[PDB]
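For reference, the structure discussed in these notes is given below.
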Amino acid sequence: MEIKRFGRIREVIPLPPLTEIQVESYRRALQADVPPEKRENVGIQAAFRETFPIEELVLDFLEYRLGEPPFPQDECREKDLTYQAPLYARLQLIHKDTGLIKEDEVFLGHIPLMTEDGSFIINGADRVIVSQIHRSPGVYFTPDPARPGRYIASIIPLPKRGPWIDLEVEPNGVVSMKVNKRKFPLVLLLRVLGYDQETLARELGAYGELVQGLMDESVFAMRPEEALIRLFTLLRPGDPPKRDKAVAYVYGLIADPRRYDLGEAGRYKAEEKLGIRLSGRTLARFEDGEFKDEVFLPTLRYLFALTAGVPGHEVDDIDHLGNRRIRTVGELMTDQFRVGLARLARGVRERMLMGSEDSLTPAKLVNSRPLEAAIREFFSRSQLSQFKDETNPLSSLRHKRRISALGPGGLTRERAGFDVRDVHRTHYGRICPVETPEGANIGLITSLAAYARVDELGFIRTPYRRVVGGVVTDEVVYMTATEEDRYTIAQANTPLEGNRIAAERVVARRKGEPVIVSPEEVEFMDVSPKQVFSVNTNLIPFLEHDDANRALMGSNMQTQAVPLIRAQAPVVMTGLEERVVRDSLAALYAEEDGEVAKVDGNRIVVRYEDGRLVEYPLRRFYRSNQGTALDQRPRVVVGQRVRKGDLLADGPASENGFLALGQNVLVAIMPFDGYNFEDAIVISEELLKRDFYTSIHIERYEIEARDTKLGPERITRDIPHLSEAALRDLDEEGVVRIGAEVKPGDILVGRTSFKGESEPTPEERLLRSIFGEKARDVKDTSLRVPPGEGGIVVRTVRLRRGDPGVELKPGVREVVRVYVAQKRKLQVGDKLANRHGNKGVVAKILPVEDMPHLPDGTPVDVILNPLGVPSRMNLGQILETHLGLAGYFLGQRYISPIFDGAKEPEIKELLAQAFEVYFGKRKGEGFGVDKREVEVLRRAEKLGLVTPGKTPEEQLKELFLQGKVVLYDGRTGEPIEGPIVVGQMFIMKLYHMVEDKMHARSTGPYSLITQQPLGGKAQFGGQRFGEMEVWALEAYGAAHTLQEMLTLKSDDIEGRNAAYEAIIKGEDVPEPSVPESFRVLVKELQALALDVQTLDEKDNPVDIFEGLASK
Amino acid sequence: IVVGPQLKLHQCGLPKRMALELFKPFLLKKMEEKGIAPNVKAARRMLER
Amino acid sequence: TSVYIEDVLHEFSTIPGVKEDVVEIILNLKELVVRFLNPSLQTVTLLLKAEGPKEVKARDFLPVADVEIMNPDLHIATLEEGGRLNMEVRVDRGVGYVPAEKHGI
Amino acid sequence: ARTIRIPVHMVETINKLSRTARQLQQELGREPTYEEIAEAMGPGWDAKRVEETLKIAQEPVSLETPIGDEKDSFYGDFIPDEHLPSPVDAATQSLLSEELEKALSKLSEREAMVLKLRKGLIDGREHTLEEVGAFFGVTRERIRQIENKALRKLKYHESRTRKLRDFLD
RNA sequence: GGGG
DNA sequence: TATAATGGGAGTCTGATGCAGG
DNA sequence: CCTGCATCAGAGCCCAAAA
Ligand SMILES: Nc1nc2c(ncn2[C@@H]2O[C@H](COP(=O)(O)OP(=O)(O)OP(=O)(O)O)[C@@H](O)[C@H]2O)c(=O)[nH]1
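Chains as they are written, first to last, in the entry's author numbering: chain C, 1 to 56, 64 to 1118; chain D, 631 to 679; chain A, 54 to 158; chain F, 255 to 423.
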């Protein structure tokens, strides 16, 4: 069908590569494709250059190299291996005493490599590293809350690279310095820098009472060396103030370009703010034997000038996105790399003392264990390294562009308040105002705006078009927040004739504040409305019509859309759904021009102009982290002529290259018999019949056979006391055959384990003797099927020890994996949502004969209750339906861009053209207006919907332009007493499906210490009946019900055993006994040397252990 | 949870598979009183698969 | 109601030489309209064998007495040079809508 | 240093494997196999012994190890208690004793008394030939015979009251 | 990080 | 069981209450 | 006598919780 696009906005630049924030960050850190001599000092390179040379003997760093991966990406995922490259480093050993030089290339372990789409493979699982927002290093000045006329200057370096500093000015009048939460007079530190009373008086003095308050005579009564010793006694009480020891402490804390690192952004922000230029990233220097100041005096100078009200001095807003920067993958990994390198150096210095000061090379001197652990620690356990969200291609694309304020070096949950969670004015065009979690994390986790990119310093930049005179150039400038506030920025929709601003009054911003301005005053202009919102928000058509709280739900839920076998793109798109599939890397494109030689289910072979017969294998039914099927399908035919960049295969949840998160269904908006109540949804059985909303899902099962002190676990088809009916679908070896239907209780992999000293009790001995069957040496441990799961066995992997290429963790003979698939039809309790935030569970599936239908016999698909619209204020879904109605009959799909879209009149033109096909067909087919259509028209003119005094066709078209049609109830045949809104809507099936969530337990596993039921469905747990639930039972006064919850249904052991026996014998359950978790409480208080005594009414002790604990 | 308009105020819809687990001891006793299984132990073995 | 494809153990397979996956193949066979001329006939089994660079349609099923394929133009599988295909489709008479989990034929 | 204490000499051997493998990884640019370490360790060492040594060297892990970013989940909570009988099993053991005694008496108590002494309900009194000399009521070879007729009548009596078949699991 |  | 070796390395915000201090 | 000032103990529920 035809695709009609609305909107007048010409976007001068396309969206940037969307995963570039990941790819570019790590490529810059490793520089693997750069020749060593040409590397800039950044990332991995910078870490080596910082840690070396290592002093005593001197070990010096030459260069590093990265090898190729031992195994390819697919292979790593299979074998539970990390995708990584071997790292080597060339080191030269120098003897500071002798002259000796031994040089060798030492192996430092492996480093994980990033794939093409911006993710990692860590132990077989695909992972994402989330960027971290934090306060930029630099020098800031904030108002002191206590004294309304004074200020604090804070010098903050990069995280873990130095202390926080506070320069409060105390009530006594002297300027104080705060380091590691301890305070002293700042004048003392100034003298150590070699400052004299003259320098401070002549430099500053202009502020009469402030500069004199810093002056303290006792401090001046000593040369720079004595003042250094004096300060050290303040910071480290009890440590003897040896001159080399004091220098070492203060140097490492202040001047050392190893223990103190301002940022590269810190240097720029400091140089720019104080109007000085920094020679390095440290606050001071050690030069010609004494200390020479860099930062401290300019920072003191700015503070006094600010307190006095000198022009050009302002306080800094700490949530401004110019003073807040992003820490990307490379930077996070490099920080952990730097820690691991410094630890290895501890091993080097300590080994340069023990064992002979001569017979050592660099290869024996280096133990790489500290480095390997730090990198492995970061990737396998950091709280920024997350399990990839790959439910559908958009899930992972969004995951990679997220920004977290949490994690190692940032806010905690308990540690976080309003200023940080707010939407700052500088978020415009940089961080999406919509896409954030609802609940406790609101505002801490956000998403990168679509046109934003992170610069080399770590500040988020956004594009704007230059405007010279009144003419808008095509030159685009990416701006930081600090630089953006200088200019006057017009809105992207301001009218244009050609390249000229066509309005006499334009809508613009100056420092985020909205302002009306004449075309003479316009310096820049927005590139597009798209630049303000995240990628998910940009996928919501008619967004200009949706309340923000609901738009949020629309964004977040597209992440949760399950790939459907029949998946289709929405009939109303925003025009981004093409780009998302392409940047995600889910689909497949042609490298150069060529002709398709072969097309298969498994592969596509293309013959290019070059003559090379490139073969593209297709990924078929691979199981993602969330168990949705990632599978690619061929879109071309043998001999098809393709150009460069044309589609070859469609990925999951994509249709002919457009993002398909759901299906397009015909919807009626109307109550239906209370099956619509409070957001529930009623659907037509026609949807299951034609396999709409069916999705494939795969669950993975695994079992190990290991060596025990009692003998080997063996995976075998021979399992004690089981009938042949039970083993039928098992192969020779005890593994289920590929292509079998397995249901709950069925054996997947047979296994036997050797019986413990529980070697059968005499009760079992006599029973076994009666039947004349020896009690077997092994017991049945077979892997089976959990309650509620099962499907078709599609694959088996078996890995033993002593087979090529495989070695398991110690003690493990063999590992078997069984992949089981299921086709899931939509059912009652599965969850649906559209892009505007209407979400609900399927409560009823009616047979097609009950569904409301159009006069021409077509039944509707979904019935949504109108009560969900007005309080929610998400109207985009309404406009989406109307344009969807026209498209149903005209056979078209639309692109309506956000904020430059299809407007109401334009949709009306399209709706009228549809009516001709819905009606004109009928008038020609020899049918006139229906009797019931008149009855509804009667009711409609009482409503003011149609104008009185027109032919039925004239009135029906009037209703059709309001998006309403006559609807017949399939139960009665009578019309709905009014015209009903009907049209095509895009609705997705989300990841929350009852099959996954239904759970129940009679009795089951218990915890070790408490003897209470376990938690969670996978453990067959019991439900938690918590403090508030007990209150509920208490307020009702249901004491025996409550007592059951506290005893027989949990940790009362004598009672719960006895209660079960009663139910199976038909007796009533016994009165409960003492709960075991109370006995634990008693014994734990005894371990604290407290005597807890249960007493009777006579004040005599009562023994709740029934004699077992007393001698 | 799913809405159930047809229920009277004192009722709820309970999936049969959930009810079988929650009442399992009761179900075992009743299966012996009528006749689906010889005794309590065999009846439980039948519900496993 | 049922399909057996040679060298295929279950629905999620894929056939060398065939463009369509088995899921799509069964999806196309679900559109097949098969008329029984004899009112006494409740079940049959259509056979299809195809090879070479051909687009198999519903006509290519081997003709059986008292059964007429009302839509012989329906596309089934696209095969490529070297692509093969041998299947047996069981067609039944029944009422209403009976889902695959229900009949298990 | 270890929660599970190791003999001082054995700790020395483990540390040797560590150093050895660490050299081996530095020359090979990748992790060594068990076999590569067994060669480097010399005679007496095969790959099997290197693995068993590593199994012994494994240190235990805390039951209180956190799972997840929320600070509200412990590893021990996912561990069932395998020692204490479950309600089903405890119920089963009571029911088994009840059918077992209600079964030796439906032949004769005395031929049940001879057989019951030869194994013991809550005691476990299985010798073989000597001890059985005293009080059953007969001399000594005879008890082996009534053991068979008790066991034999039990076997016939079992096919009717086949309720004991299901206790074989 | 995700559901209400 | 024996050259001599002699002092360490490292990280929010609220309200209530019991304490050395103009 | 009274007031700064620190040290301490608080910060919602249930479910997945992908180790
Ligand atoms: N305590 C608590 N409740 C939650 C949480 N998450 C979701 N909820 C529930 O979410 C529900 C929100 O329901 P709403 O749909 O906003 O109810 P409403 O007032 O009718 O709002 P509208 O439906 O838009 O009219 C509440 O009833 C909460 O019990 C949570 O994290 N904590």
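We treat Cβ as the ideally placed atom computed from N, Cα and C, and that holds for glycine.
| Item | Value |
| --- | --- |
| C-alpha gap between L944/C and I885/C, whole angstroms | 22 angstroms |
| For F191/C and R376/C, the rounded distance between their alpha carbons | 42 angstroms |
| Residue-level contact to chain F via CB, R675/D, 9 angstroms cutoff | yes |
| Per-residue contacts from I902/C into chain A (C-beta, under 9 angstroms) | Within chain A, no residue comes near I902/C; the closest Cβ sits about 28 angstroms away, beyond 9 angstroms. |
| Unbroken stretches of the beta strand (DSSP E), 3 residues or longer, contained in the stretch 143-215 of chain C | 145-150, 158-163, 183-186, 189-192 |
| heavy atom of ligand 1 below 8 angstroms from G847/C C-beta | no |
| Own chain residues within Cβ distance below 7 angstroms of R791/C, not counting five before or after | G752, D753, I754, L755 |
| Sequence-distant residues of the same chain with beta carbon closer than 7 angstroms to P959/C, five excluded per side | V936, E940, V941, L944 |
| Run of the beta strand (DSSP E) containing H117/C, from where it starts to where it stops | 108-119 |
| Residues from the stretch 374-400 of chain F in contact with chain C, defined by Cβ distance under 9 angstroms | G374, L375, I376, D377, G378, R379, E380 |
| Beta-carbon gap between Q22/C and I136/C smaller than 9 angstroms | yes |
| Exposed unless 16 or more other CB atoms sit within 10 angstroms - verdict on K605/C | buried |
| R879/C CB to nearest heavy atom of ligand 1 below 8 angstroms | yes |
| Environment of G883/C [buried if 16+ CB atoms lie within 10 Å] | buried |
| CB contact check: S351/F to chain C, cutoff 9 angstroms | yes |
| Within 9 angstroms, strictly: CB atoms of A594/C and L637/C | no |
| Length-filtered (4 minimum) alpha helix (DSSP H) runs lying within the stretch 126-155 of chain A | none |
| Residue nearest to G1073/C in terms of C-alpha spacing, selected from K646/D, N669/D, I631/D, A649/D | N669/D |
| Short CB-CB distance (under 9 angstroms) between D323/F and chain C | yes |
| Alpha-carbon spacing of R266/C relative to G436/C, whole angstroms | 37 angstroms |
| Assigned secondary structure, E11/C (DSSP; H/G/I helix, E/B strand, else coil) | coil |
| The stretch 585-614 of chain C: positions lying closer than 7 angstroms to chain A by Cβ | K605, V606, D607, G608, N609 |
| Inter-stretch contact at 8 angstroms, needing at least 3 Cβ pairs: the stretch 308-327 of chain C / the stretch 225-241 of chain C | no |
| Expected contact under 8 angstroms - CB spacing of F993/C and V579/C to nearest Å | 7 angstroms |
| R824/C (DSSP reduced to helix, strand or coil) | strand |
| Outcome for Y329/F when other beta-carbon atoms lying within 10 angstroms are tallied against a minimum of 16 | exposed |
| Delimiting residues of the alpha helix (DSSP H) encompassing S562/C | 555-565 |
| The stretch 651-670 of chain D: positions lying closer than 8 angstroms to chain F by Cβ | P668, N669, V670 |
| Per DSSP, cross-strand counterpart(s) of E711/C | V822/C |
| Assumed close pair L310/C, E301/C - CB separation to whole angstroms, cut-off 8 angstroms | With 8 angstroms as the limit, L310/C and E301/C do not qualify as a contact, their Cβ atoms being about 16 angstroms apart. |
| Counted within 10 angstroms of its Cβ, other Cβ atoms place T415/F as buried (16 or more) or exposed | exposed |
| Per DSSP, the bridge partner or partners of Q280/F | Looking at the DSSP assignment, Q280/F forms no beta bridge with any residue, so it has no partner. |
| For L815/C and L652/D, the rounded distance between their alpha carbons | 41 angstroms |
| Beta-carbon spacing of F332/F, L1021/C below 9 angstroms | yes |
| Beta carbon proximity, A672/D to chain F, threshold 9 angstroms | yes |
| Reference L107/C; option with closest CA among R8/C, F540/C, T368/C, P817/C | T368/C |
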